[PDB]
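Below: target.pdb (PDB, N, CA and C atoms)
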ATOM      1  N   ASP M   1      -5.252   4.255 -76.141  1.00  0.00           N
ATOM      2  CA  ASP M   1      -6.046   3.050 -75.820  1.00  0.00           C
ATOM      3  C   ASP M   1      -7.533   3.401 -75.808  1.00  0.00           C
ATOM      4  N   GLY M   2      -8.297   2.809 -76.749  1.00  0.00           N
ATOM      5  CA  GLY M   2      -9.739   3.049 -76.874  1.00  0.00           C
ATOM      6  C   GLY M   2     -10.084   4.457 -77.343  1.00  0.00           C
ATOM      7  N   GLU M   3      -9.072   5.179 -77.847  1.00  0.00           N
ATOM      8  CA  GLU M   3      -9.189   6.593 -78.262  1.00  0.00           C
ATOM      9  C   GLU M   3      -8.853   6.710 -79.758  1.00  0.00           C
ATOM     10  N   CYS M   4      -8.936   7.923 -80.310  1.00  0.00           N
ATOM     11  CA  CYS M   4      -8.700   8.159 -81.739  1.00  0.00           C
ATOM     12  C   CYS M   4      -8.090   9.542 -81.965  1.00  0.00           C
ATOM     13  N   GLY M   5      -7.124   9.626 -82.895  1.00  0.00           N
ATOM     14  CA  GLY M   5      -6.551  10.912 -83.310  1.00  0.00           C
ATOM     15  C   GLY M   5      -5.117  11.149 -82.867  1.00  0.00           C
ATOM     16  N   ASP M   6      -4.563  10.220 -82.085  1.00  0.00           N
ATOM     17  CA  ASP M   6      -3.215  10.362 -81.478  1.00  0.00           C
ATOM     18  C   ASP M   6      -2.154   9.591 -82.252  1.00  0.00           C
ATOM     19  N   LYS M   7      -0.881   9.729 -81.811  1.00  0.00           N
ATOM     20  CA  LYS M   7       0.295   9.146 -82.494  1.00  0.00           C
ATOM     21  C   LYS M   7       0.189   7.615 -82.541  1.00  0.00           C
ATOM     22  N   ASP M   8       0.116   7.083 -83.780  1.00  0.00           N
ATOM     23  CA  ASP M   8       0.015   5.636 -84.078  1.00  0.00           C
ATOM     24  C   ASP M   8      -1.297   5.037 -83.541  1.00  0.00           C
ATOM     25  N   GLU M   9      -2.282   5.919 -83.325  1.00  0.00           N
ATOM     26  CA  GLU M   9      -3.615   5.561 -82.818  1.00  0.00           C
ATOM     27  C   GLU M   9      -4.638   5.813 -83.938  1.00  0.00           C
ATOM     28  N   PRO M  10      -5.578   4.831 -84.238  1.00  0.00           N
ATOM     29  CA  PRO M  10      -6.522   4.927 -85.389  1.00  0.00           C
ATOM     30  C   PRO M  10      -7.343   6.241 -85.386  1.00  0.00           C
ATOM     31  N   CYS M  11      -7.558   6.824 -86.579  1.00  0.00           N
ATOM     32  CA  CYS M  11      -8.303   8.085 -86.731  1.00  0.00           C
ATOM     33  C   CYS M  11      -9.800   7.792 -86.893  1.00  0.00           C
ATOM     34  N   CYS M  12     -10.629   8.535 -86.146  1.00  0.00           N
ATOM     35  CA  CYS M  12     -12.089   8.409 -86.182  1.00  0.00           C
ATOM     36  C   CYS M  12     -12.679   9.414 -87.193  1.00  0.00           C
ATOM     37  N   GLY M  13     -13.104   8.900 -88.366  1.00  0.00           N
ATOM     38  CA  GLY M  13     -13.694   9.725 -89.426  1.00  0.00           C
ATOM     39  C   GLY M  13     -15.144  10.077 -89.119  1.00  0.00           C
ATOM     40  N   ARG M  14     -15.468  11.375 -89.207  1.00  0.00           N
ATOM     41  CA  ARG M  14     -16.756  11.932 -88.757  1.00  0.00           C
ATOM     42  C   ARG M  14     -17.820  11.902 -89.889  1.00  0.00           C
ATOM     43  N   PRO M  15     -19.150  12.154 -89.569  1.00  0.00           N
ATOM     44  CA  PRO M  15     -20.221  12.346 -90.595  1.00  0.00           C
ATOM     45  C   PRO M  15     -19.896  13.412 -91.674  1.00  0.00           C
ATOM     46  N   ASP M  16     -19.152  14.469 -91.280  1.00  0.00           N
ATOM     47  CA  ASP M  16     -18.693  15.530 -92.218  1.00  0.00           C
ATOM     48  C   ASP M  16     -17.508  15.049 -93.087  1.00  0.00           C
ATOM     49  N   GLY M  17     -16.961  13.870 -92.757  1.00  0.00           N
ATOM     50  CA  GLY M  17     -15.964  13.189 -93.593  1.00  0.00           C
ATOM     51  C   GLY M  17     -14.533  13.329 -93.095  1.00  0.00           C
ATOM     52  N   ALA M  18     -14.253  14.407 -92.330  1.00  0.00           N
ATOM     53  CA  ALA M  18     -12.889  14.697 -91.855  1.00  0.00           C
ATOM     54  C   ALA M  18     -12.474  13.698 -90.753  1.00  0.00           C
ATOM     55  N   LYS M  19     -11.297  13.074 -90.943  1.00  0.00           N
ATOM     56  CA  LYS M  19     -10.702  12.124 -89.985  1.00  0.00           C
ATOM     57  C   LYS M  19     -10.094  12.913 -88.815  1.00  0.00           C
ATOM     58  N   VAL M  20     -10.427  12.523 -87.567  1.00  0.00           N
ATOM     59  CA  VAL M  20      -9.914  13.211 -86.368  1.00  0.00           C
ATOM     60  C   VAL M  20      -8.470  12.783 -86.092  1.00  0.00           C
ATOM     61  N   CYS M  21      -7.575  13.774 -86.153  1.00  0.00           N
ATOM     62  CA  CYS M  21      -6.178  13.671 -85.727  1.00  0.00           C
ATOM     63  C   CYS M  21      -5.765  15.033 -85.167  1.00  0.00           C
ATOM     64  N   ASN M  22      -5.053  15.048 -84.033  1.00  0.00           N
ATOM     65  CA  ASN M  22      -4.486  16.292 -83.489  1.00  0.00           C
ATOM     66  C   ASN M  22      -3.210  16.634 -84.279  1.00  0.00           C
ATOM     67  N   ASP M  23      -3.010  17.930 -84.584  1.00  0.00           N
ATOM     68  CA  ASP M  23      -1.850  18.394 -85.361  1.00  0.00           C
ATOM     69  C   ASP M  23      -0.545  18.193 -84.544  1.00  0.00           C
ATOM     70  N   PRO M  24       0.598  17.790 -85.192  1.00  0.00           N
ATOM     71  CA  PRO M  24       0.728  17.615 -86.662  1.00  0.00           C
ATOM     72  C   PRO M  24       0.526  16.156 -87.162  1.00  0.00           C
ATOM     73  N   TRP M  25      -0.121  15.291 -86.345  1.00  0.00           N
ATOM     74  CA  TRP M  25      -0.373  13.880 -86.721  1.00  0.00           C
ATOM     75  C   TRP M  25      -1.388  13.816 -87.884  1.00  0.00           C
ATOM     76  N   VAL M  26      -1.001  13.126 -88.966  1.00  0.00           N
ATOM     77  CA  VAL M  26      -1.840  12.883 -90.149  1.00  0.00           C
ATOM     78  C   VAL M  26      -2.179  11.388 -90.248  1.00  0.00           C
ATOM     79  N   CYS M  27      -3.478  11.080 -90.413  1.00  0.00           N
ATOM     80  CA  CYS M  27      -3.956   9.707 -90.610  1.00  0.00           C
ATOM     81  C   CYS M  27      -3.718   9.277 -92.067  1.00  0.00           C
ATOM     82  N   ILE M  28      -2.771   8.341 -92.263  1.00  0.00           N
ATOM     83  CA  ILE M  28      -2.454   7.776 -93.592  1.00  0.00           C
ATOM     84  C   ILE M  28      -3.511   6.709 -93.941  1.00  0.00           C
ATOM     85  N   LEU M  29      -3.943   6.660 -95.220  1.00  0.00           N
ATOM     86  CA  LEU M  29      -5.156   5.917 -95.641  1.00  0.00           C
ATOM     87  C   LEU M  29      -5.051   4.390 -95.423  1.00  0.00           C
ATOM     88  N   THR M  30      -3.864   3.810 -95.649  1.00  0.00           N
ATOM     89  CA  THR M  30      -3.653   2.356 -95.512  1.00  0.00           C
ATOM     90  C   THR M  30      -3.589   1.963 -94.016  1.00  0.00           C
ATOM     91  N   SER M  31      -2.737   2.678 -93.254  1.00  0.00           N
ATOM     92  CA  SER M  31      -2.489   2.404 -91.821  1.00  0.00           C
ATOM     93  C   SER M  31      -3.706   2.777 -90.945  1.00  0.00           C
ATOM     94  N   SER M  32      -4.507   3.742 -91.449  1.00  0.00           N
ATOM     95  CA  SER M  32      -5.719   4.295 -90.801  1.00  0.00           C
ATOM     96  C   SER M  32      -5.445   4.817 -89.371  1.00  0.00           C
ATOM     97  N   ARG M  33      -4.185   5.236 -89.109  1.00  0.00           N
ATOM     98  CA  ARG M  33      -3.746   5.771 -87.796  1.00  0.00           C
ATOM     99  C   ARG M  33      -3.071   7.139 -87.978  1.00  0.00           C
ATOM    100  N   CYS M  34      -3.318   8.053 -87.020  1.00  0.00           N
ATOM    101  CA  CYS M  34      -2.734   9.401 -87.021  1.00  0.00           C
ATOM    102  C   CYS M  34      -1.256   9.329 -86.598  1.00  0.00           C
ATOM    103  N   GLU M  35      -0.347   9.373 -87.572  1.00  0.00           N
ATOM    104  CA  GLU M  35       1.105   9.259 -87.338  1.00  0.00           C
ATOM    105  C   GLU M  35       1.839  10.483 -87.907  1.00  0.00           C
ATOM    106  N   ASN M  36       3.179  10.500 -87.805  1.00  0.00           N
ATOM    107  CA  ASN M  36       3.996  11.644 -88.249  1.00  0.00           C
ATOM    108  C   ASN M  36       4.032  11.727 -89.800  1.00  0.00           C
ATOM    109  N   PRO M  37       3.944  12.970 -90.396  1.00  0.00           N
ATOM    110  CA  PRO M  37       4.101  13.182 -91.864  1.00  0.00           C
ATOM    111  C   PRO M  37       5.451  12.619 -92.402  1.00  0.00           C
TER     112      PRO M  37
END
Please go through the file and, once you have read it, give me the structure as structure tokens.
Amino acid sequence: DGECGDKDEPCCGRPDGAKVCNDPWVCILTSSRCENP
């Protein structure tokens, strides 16, 4: 809630370009949320 990088939670993409997700959650491009591979 109000956060980024967690399971089914939207990923916050940084100035360096990398989307914030804690491993092993991967942010899928359409869903824009860090979910399971």
Next on the checklist: When you look at residue 37 of chain M with a cut-off of 6 Å (counting all atoms listed in the file), what residues show up, excluding the ones that are within fewer than 2 positions of it in the same chain? I need them as a list in words.
Outcome noted: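 Here the qualifying residues turn out to be residues 24, 25, 26 and 35 of chain M.
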Next on the checklist: Starting from the PyMOL selection byres (((chain M and resi 9 and name CA) around 10) and name CA), expand the selection into actual residues of this file and give them as number ranges by chain.
Outcome noted: M: 1-8, 10-12, 21, 25, 27, 31-35
Next on the checklist: Going by DSSP on the backbone, which residues of chain M come out as strand (DSSP E or B)? List them as a VMD selection string.
Outcome noted: chain M and resid 9 to 10 12 to 13 19 to 20 26 to 27 33 to 35
Return segment 12-35 of chain M, completed with N, CA, C and O atoms, as a compact mmCIF listing (two decimals), in the frame of the given file.
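Full text of result11.txt as output:
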# COMPACT_ATOMS: atom_id res chain seq x y z
N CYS M 12 -10.63 8.54 -86.15
CA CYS M 12 -12.09 8.41 -86.18
C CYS M 12 -12.68 9.41 -87.19
O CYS M 12 -12.72 10.62 -86.93
N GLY M 13 -13.10 8.90 -88.37
CA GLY M 13 -13.69 9.72 -89.43
C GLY M 13 -15.14 10.08 -89.12
O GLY M 13 -15.95 9.19 -88.82
N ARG M 14 -15.47 11.38 -89.21
CA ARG M 14 -16.76 11.93 -88.76
C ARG M 14 -17.82 11.90 -89.89
O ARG M 14 -17.48 11.60 -91.04
N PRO M 15 -19.15 12.15 -89.57
CA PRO M 15 -20.22 12.35 -90.60
C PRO M 15 -19.90 13.41 -91.67
O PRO M 15 -20.31 13.28 -92.83
N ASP M 16 -19.15 14.47 -91.28
CA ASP M 16 -18.69 15.53 -92.22
C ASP M 16 -17.51 15.05 -93.09
O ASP M 16 -17.09 15.75 -94.01
N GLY M 17 -16.96 13.87 -92.76
CA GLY M 17 -15.96 13.19 -93.59
C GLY M 17 -14.53 13.33 -93.10
O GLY M 17 -13.68 12.47 -93.40
N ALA M 18 -14.25 14.41 -92.33
CA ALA M 18 -12.89 14.70 -91.86
C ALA M 18 -12.47 13.70 -90.75
O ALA M 18 -13.22 13.48 -89.79
N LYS M 19 -11.30 13.07 -90.94
CA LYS M 19 -10.70 12.12 -89.98
C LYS M 19 -10.09 12.91 -88.82
O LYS M 19 -9.34 13.87 -89.05
N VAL M 20 -10.43 12.52 -87.57
CA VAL M 20 -9.91 13.21 -86.37
C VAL M 20 -8.47 12.78 -86.09
O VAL M 20 -8.19 11.60 -85.88
N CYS M 21 -7.58 13.77 -86.15
CA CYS M 21 -6.18 13.67 -85.73
C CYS M 21 -5.76 15.03 -85.17
O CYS M 21 -6.11 16.07 -85.75
N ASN M 22 -5.05 15.05 -84.03
CA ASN M 22 -4.49 16.29 -83.49
C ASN M 22 -3.21 16.63 -84.28
O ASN M 22 -2.44 15.73 -84.63
N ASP M 23 -3.01 17.93 -84.58
CA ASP M 23 -1.85 18.39 -85.36
C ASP M 23 -0.55 18.19 -84.54
O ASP M 23 -0.55 18.39 -83.32
N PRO M 24 0.60 17.79 -85.19
CA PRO M 24 0.73 17.61 -86.66
C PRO M 24 0.53 16.16 -87.16
O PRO M 24 0.95 15.83 -88.28
N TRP M 25 -0.12 15.29 -86.34
CA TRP M 25 -0.37 13.88 -86.72
C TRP M 25 -1.39 13.82 -87.88
O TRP M 25 -2.47 14.42 -87.81
N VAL M 26 -1.00 13.13 -88.97
CA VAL M 26 -1.84 12.88 -90.15
C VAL M 26 -2.18 11.39 -90.25
O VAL M 26 -1.29 10.54 -90.16
N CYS M 27 -3.48 11.08 -90.41
CA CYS M 27 -3.96 9.71 -90.61
C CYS M 27 -3.72 9.28 -92.07
O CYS M 27 -4.35 9.81 -92.99
N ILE M 28 -2.77 8.34 -92.26
CA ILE M 28 -2.45 7.78 -93.59
C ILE M 28 -3.51 6.71 -93.94
O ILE M 28 -3.93 5.96 -93.06
N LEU M 29 -3.94 6.66 -95.22
CA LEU M 29 -5.16 5.92 -95.64
C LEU M 29 -5.05 4.39 -95.42
O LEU M 29 -6.04 3.76 -95.03
N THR M 30 -3.86 3.81 -95.65
CA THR M 30 -3.65 2.36 -95.51
C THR M 30 -3.59 1.96 -94.02
O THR M 30 -4.30 1.07 -93.57
N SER M 31 -2.74 2.68 -93.25
CA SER M 31 -2.49 2.40 -91.82
C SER M 31 -3.71 2.78 -90.94
O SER M 31 -3.88 2.23 -89.85
N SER M 32 -4.51 3.74 -91.45
CA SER M 32 -5.72 4.30 -90.80
C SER M 32 -5.44 4.82 -89.37
O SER M 32 -6.36 4.88 -88.55
N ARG M 33 -4.18 5.24 -89.11
CA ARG M 33 -3.75 5.77 -87.80
C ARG M 33 -3.07 7.14 -87.98
O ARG M 33 -2.36 7.37 -88.97
N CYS M 34 -3.32 8.05 -87.02
CA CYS M 34 -2.73 9.40 -87.02
C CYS M 34 -1.26 9.33 -86.60
O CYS M 34 -0.95 9.20 -85.42
N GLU M 35 -0.35 9.37 -87.57
CA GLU M 35 1.10 9.26 -87.34
C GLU M 35 1.84 10.48 -87.91
O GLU M 35 1.20 11.40 -88.42
